[PDB]
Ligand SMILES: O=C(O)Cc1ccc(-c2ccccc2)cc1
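Only one chain comes next, encoded as structure tokens, the form deposited without the ligand.
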């Protein structure tokens, strides 16, 4: 009934961010249509500013006053949050373990971040981030559980429902479930007859196990997967939305993820990152054949291109 956002938050996020992000195109592939027996549509967030959808949630958090923003998610969220900060005239501090390789340190510096070091543990990441937040009088922006962020990711669905007016399902890769939850909130509020499907690595299948057992079941161990963007577990804010509003979750093997990513590179000529191959792998997977033949028009979110 009442989740950490409603669709009103998504609409507000849309107005909030639309002048500063790309309304990314929806593309097709007859080769992938033939392989799946479906009518596929590819929402190209790999074309989004900062190279992934995450600028949606990050910009909405910064515009929704703080003197600085902080995160220890140093990948696509960190990159997105730093750009959002730049747009708003404030520094972004990224908390990074001191033991991170130079190449990662340099890449984080290169996207505009001010780096603060921690020790390589979840414990240290959070407390150093808290200290930086409290010293800079800024705010921490979580990559997937922050309601302002979830609301921002949900705007993807607003665009898809307009761009593919006869869409039957969306397929969404799931890590922390920020994108999945924002989309589920939006689709089910506007057109609940459209299916919302998550796509998840078998090697990181906390979301799949959670919906099966009916309770939040985070990955016990740090996941090993080439889909680097979906290693996070779902959390306290995204799980209830995913529990009630997401229709199914499809897991894919490491090999499925690799083959799908290569298929997209080679036959679609789109430079997606492997995390973005996860949704494509799902629609190609054996179990997706159990999806009713009436679910013909399927939009897959190609969520990033930072590779």
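Positions refer to the first chain, counted from 1.
Same protein, other form: the form solved in complex with the ligand, not shown, and the subject of what follows.
> With the ligand left out of view, which of 73, 210, 203, 136 would have a heavy atom within 4.5 Å of it in the bound PDB entry?
The residue from 73, 210, 203, 136 that makes the contact is 73.
> Just to be sure I understand the contacts: of 216, 169, 128, 140, which is the one whose heavy atoms reach within 4.5 angstroms of the ligand in the bound PDB entry?
When the ligand is considered in the bound PDB entry, the option within 4.5 Å is 140.
> For the chain seen here without its partner, which of 75 to 83, 183 to 191, 216 to 224, 116 to 124 has a heavy atom within 4.5 Å of the ligand in the bound PDB entry?
Of the stretches listed, the one contacting the partner is 75 to 83.
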